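Residue-level listing of the chains:
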Amino acid sequence: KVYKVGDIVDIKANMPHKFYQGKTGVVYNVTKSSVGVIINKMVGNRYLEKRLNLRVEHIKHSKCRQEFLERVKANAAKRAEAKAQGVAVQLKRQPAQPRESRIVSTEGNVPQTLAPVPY
Amino acid sequence: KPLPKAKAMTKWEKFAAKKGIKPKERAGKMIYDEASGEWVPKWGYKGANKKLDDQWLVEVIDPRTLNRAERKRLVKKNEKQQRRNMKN
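Numbers given to residues start from 1 along each chain, in the order its sequence is written, and need not follow the entry; residues that have no coordinates are not shown. Note on labels: chains are lettered from A, ligands numbered from 1, in written order. What is shown is a subset of a larger assembly, and the numbers refer only to that subset. Heavy atoms throughout the structure, all of them, feed into the side-chain values; hydrogens and water do not.

For this coordinate set, the PDB header names cryo-EM as the determination method and states a resolution of 3.12 Å.

The name given to chain B in the PDB entry is Regulator of ribosome biosynthesis, with the source organism recorded as Saccharomyces cerevisiae.

Going by the annotation in the PDB entry, the name recorded for chain A is 60S ribosomal protein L21-A, with Saccharomyces cerevisiae given as the source organism. For the record of chain A, the UniProt heading Subcellular location holds the text "Cytoplasm". UniProt positions are given in the numbering used here, feature names are shortened, and annotations may be inferred rather than shown by experiment.

Below, the structure written as structure tokens:
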């Protein structure tokens, strides 16, 4: 783990002193013994930046921008195919949908009735 | 050997005595830390001074090293003042 000026990291302390503990910011300095991050804090209804100076081992890289890249590459593939042929490809995602009709079967599964228990 | 006598006022015993600064009671060496809940020697084991050294974030060059330097400057100034007084 070696960090560069500008990358993104999250704070994770391995007690009662201070708790950001799970925010996400950009490295704006890398000194020998530590690293420095900035964090936009909601000062009432404004975003004013605090410059925190963490240590080395209390910070790790982030994967909050891996799915975007992987999906853009999968979309490159899908669009290569959609130009290779005349195909409706429907790249857009979709929110989870309501289910459809079904027919359950009580052959090896007879419904067992159960009542609530006492005290 | 002659009898022992060495009466220097070191300019602190002069300043403190022109006005009415009395000495301190010299009761104890512990303070009370609030979060945590221990008695944490003020100097004598992980003294409250050497705490900004291992703090897990400082909230603003590394500020902890600058703090160490600023402490060392006062230590060396105290030693120099003592040497000057002893030379007087």
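### Quick notes on the overall build of chain A
For chain A, the count of helices and strands is one helix and five strands. Only runs of H or I of at least four residues qualify as helices and only runs of E of at least two qualify as strands under DSSP, and these elements are numbered from the N terminus. Secondary structure elements in chain A, listed N-terminal to C-terminal, are β-β-β-β-β-α. Two things to know: the radius of gyration comes from C-alpha atoms, and the globule rule equals 2.2 Å times the number of residues to the power 0.38. The C-alpha radius of gyration of chain A comes to 26 Å, more than 25% above the 14 Å expected for a compact globule of 119 residues. Buried means the residue's accessible area, taken with a 1.4 Å probe over protein chains only, is under 20% of the maximum for its type, while exposed means over 50%, and partly exposed covers the values in between. Here chain A, with 119 residues, has 13% of them falling under the buried criterion. Of the roughly 10600 Å² that chain A leaves accessible, carbon and sulfur atoms contribute 55%. Only the protein chains shown count as cover for residues, with accessible areas throughout obtained via the Shrake-Rupley method and a probe of 1.4 Å.

### Description of unusual backbone geometry
A cis geometry characterises the amide bond from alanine 35 of chain B onward to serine 36 of chain B, with omega recorded as 25 degrees. Note that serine 36 of chain B resides in the loop between α1 (12-18) and α2 (63-87).

### Notes on the pairing of strand β1 (residues 8-11) of chain A
All names here are of chain A. Side chains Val9 and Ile11 of β1 all project onto a buried face; the interleaved residues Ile8 and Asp10 project onto a face where none is buried. With three bridges joining them, β1 and strand β2 (residues 24-30) adopt antiparallel strand pairing. Looking across to β2, one finds that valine 9 is bridged to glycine 25. Note: two strands are recorded as paired if DSSP finds a minimum of 2 bridges between them. In the sheet, β1 pairs with strand β5 (residues 59-61) via three bridges, with the strands oriented antiparallel. Residue pairing across strands places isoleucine 11 opposite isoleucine 59, the latter belonging to β5.

### Section: the sheet that holds β2 of chain A
Residue and element names in this part refer to chain A. Pairing is antiparallel in the open sheet, where five strands are placed in the order β4-β3-β2-β1-β5. The open sheet terminates on both sides in strands that have one partner only, identified here as β4 (47-55) and β5. Averaged over all pairs of adjacent strands, the angle between strand axes in this sheet comes to 45 degrees, irrespective of strand direction. Comment: axis = line fitted to C-alpha atoms, over the contacting stretch for helices; angle = value between 0 and 180 degrees taken between N-to-C directions.

### A word on the side chain of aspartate 53 of chain B
By the secondary structure assignment, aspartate 53 of chain B is in the loop between α1 and α2. Discounting residues that sit within four places of it in the chain, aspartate 53 of chain B has contacts with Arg55 of chain A together with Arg64, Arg68 and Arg71 of chain B. For this analysis, residues touch if any pair of their heavy atoms sits within 4.5 Å.

### Overview of the pattern of salt bridges
All names here are of chain B. By salt bridge we mean one thing: a side-chain nitrogen of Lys or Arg within 4 Å of a carboxyl oxygen of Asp or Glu. This model, assessed by the stated rule, comprises three salt bridges over all chains. The residue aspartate 53 makes a salt bridge to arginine 71 at a minimum N-O spacing of 3.1 Å. In this structure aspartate 53 comes out as buried when scored by relative accessible area, which is 16%. The class of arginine 71 is partly exposed, set by a relative accessible area of 25%. Salt bridges here are not isolated pairs; linked through shared partners, they connect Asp53, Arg68 and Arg71.

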